[PDB]
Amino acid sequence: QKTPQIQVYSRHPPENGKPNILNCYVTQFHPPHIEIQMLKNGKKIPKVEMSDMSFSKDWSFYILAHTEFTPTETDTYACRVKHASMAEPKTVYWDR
């Protein structure tokens, strides 16, 4: 059983009011069953796109979640992961 690592990053330089894409890349987990949520101001974002799950040369799994967003000054974004390796969900905030 291996714990997921989570990285959150934008596709383009963030400019308030300009459309962008926020990425949540989740790696190093096992087994492959997992739940990934992207959050805006603590609320689940509905239309989040998921890549096909895959795995590395070391056999650990990875997957990319992403969503269209338009950042503002005061919106906070995060990615929250539930997996059997962790009793509690793991959240990482976008650094902005």
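Numbers for residues come from their place in the sequence shown, where the first is 1.
Selected stretch [higher average CA B-factor]: 7 to 15 or 69 to 77: If you average the C-alpha B-factors of 7 to 15 and of 69 to 77, the larger mean comes out for 69 to 77.
CA B-factor placement of residue 26, once the chain's modelled residues are sorted into thirds: Lowest third of the chain for residue 26's C-alpha B-factor.
Determine, from the deposited record, the chain-internal third of the Cα B-factor for residue 48: lowest, middle or highest. Tercile = highest for this residue's CA B-factor.
Position of residue 54 among the chain's modelled residues by C-alpha B-factor, lowest, middle or highest third: Answer is lowest: the recorded C-alpha B-factor places it there.
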